[PDB]
Amino acid sequence: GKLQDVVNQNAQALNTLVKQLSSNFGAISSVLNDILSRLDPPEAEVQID
Amino acid sequence: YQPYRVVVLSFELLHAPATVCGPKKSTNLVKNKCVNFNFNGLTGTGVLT
Amino acid sequence: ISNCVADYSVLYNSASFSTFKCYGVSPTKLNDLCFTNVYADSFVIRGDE
């Protein structure tokens, strides 16, 4: 179990990092390709930021 | 006080098959070579198999 | 409005509109987007309102 905890913490701290790519953070959408396809530059720079 | 003629358009961007679409020309696809695909507006880049 | 094709490139170039404001979508990029359903509401309201 001592060796399993290290694996169970690395693989879990990575899932939480990967799953954070699908959060809006206050923007219109959480995927970047779908923001540039429906917003002009001067008002898309604030949604990206 | 002059009368103005007002129309409001709202777009449903839910997850469903697309019915209303813009004036674009569909092109035949290629496989095993990543392309800037635009399936119903799904912008991306990757090979198709 | 559904099960159809809609053109927005000439919508701004069709005639003279006092107010053409879009929220969340850039009007120039409306020519390459697909929507599940589109709604339209019509009425008459004075200019100051």
# chains A, B, ... in the order shown; residues from 1 in each chain; ligands from 1
>>> interface_residues(of="chain C", to="chain B", cutoff="7 Å", atoms="only C-alpha atoms", output="list in words")
residues 2, 3, 4, 5, 6, 7, 31, 32, 33, 34, 35, 36, 37, 38, 39, 40, 41, 42, 43, 44, 45, 46 and 47 of chain C
>>> select_by_dssp(residues="chain B", states="strand (DSSP E)", output="ChimeraX atom specification")
/B:3-12,20-21,38-39,42-43
>>> closest_atom_pairs(of="chain A", to="chain C", cutoff="8 Å", atoms="only C-alpha atoms", output="CSV")
residue,atom,partner,partner_atom,distance
A:28,CA,C:24,CA,7.9
A:37,CA,C:29,CA,7.0
A:38,CA,C:25,CA,5.1
A:39,CA,C:26,CA,4.9
A:40,CA,C:26,CA,5.7
>>> closest_atom_pairs(of="chain A", to="chain B", cutoff="12 Å", atoms="only C-alpha atoms", output="tab-separated table")
residue	atom	partner	partner_atom	distance
A:28	CA	B:13	CA	11.7
A:29	CA	B:13	CA	11.3
A:31	CA	B:43	CA	10.4
A:32	CA	B:43	CA	9.8
A:33	CA	B:43	CA	6.1
A:34	CA	B:43	CA	6.9
A:35	CA	B:43	CA	10.0
A:36	CA	B:43	CA	9.4
A:37	CA	B:43	CA	7.6
A:38	CA	B:41	CA	9.8
>>> select_by_dssp(residues="chain C", states="helix (DSSP H, G or I)", output="list in words")
residues 11, 12, 13, 14, 27, 28, 29, 30, 31 and 32 of chain C
>>> atom_distance(atom1="CA of residue 32 (chain B)", atom2="CA of residue 46 (chain B)")
8.8 Å
>>> residues_around(residues="residue 47 (chain B)", least_positions_apart="4", cutoff="10 Å", atoms="only C-alpha atoms", output="CSV table (one decimal) with N, CA and C atoms, in the first residue's frame")
chain,number,residue,atom,x,y,z
B,30,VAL,N,-10.9,13.7,-46.6
B,30,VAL,CA,-9.7,12.8,-46.8
B,30,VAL,C,-9.4,12.2,-45.4
B,31,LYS,N,-8.7,11.0,-45.5
B,31,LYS,CA,-8.5,10.2,-44.3
B,31,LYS,C,-7.0,10.1,-44.0
B,32,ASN,N,-6.6,9.9,-42.7
B,32,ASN,CA,-5.3,9.7,-42.3
B,32,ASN,C,-4.4,10.9,-42.5
B,33,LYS,N,-5.0,12.1,-42.7
B,33,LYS,CA,-4.3,13.3,-42.8
B,33,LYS,C,-5.1,14.4,-42.1
B,34,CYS,N,-4.5,15.0,-41.1
B,34,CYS,CA,-5.3,16.0,-40.3
B,34,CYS,C,-5.6,17.2,-41.0
B,35,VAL,N,-6.9,17.7,-40.9
B,35,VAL,CA,-7.4,18.7,-41.7
B,35,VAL,C,-8.2,19.6,-40.8
B,36,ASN,N,-8.4,20.9,-41.2
B,36,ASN,CA,-9.2,21.9,-40.5
B,36,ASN,C,-10.7,21.6,-40.7
B,37,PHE,N,-11.2,20.5,-40.1
B,37,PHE,CA,-12.6,20.1,-40.4
B,37,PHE,C,-13.5,21.0,-39.7
>>> atom_distance(atom1="CA of residue 26 (chain A)", atom2="CA of residue 41 (chain A)")
18.3 Å
>>> closest_residue(among="A:30, A:8, A:20, A:15", to="residue 49 (chain A)", atoms="only C-alpha atoms")
A:30
>>> atom_distance(atom1="CA of residue 27 (chain A)", atom2="CA of residue 48 (chain A)")
7.5 Å
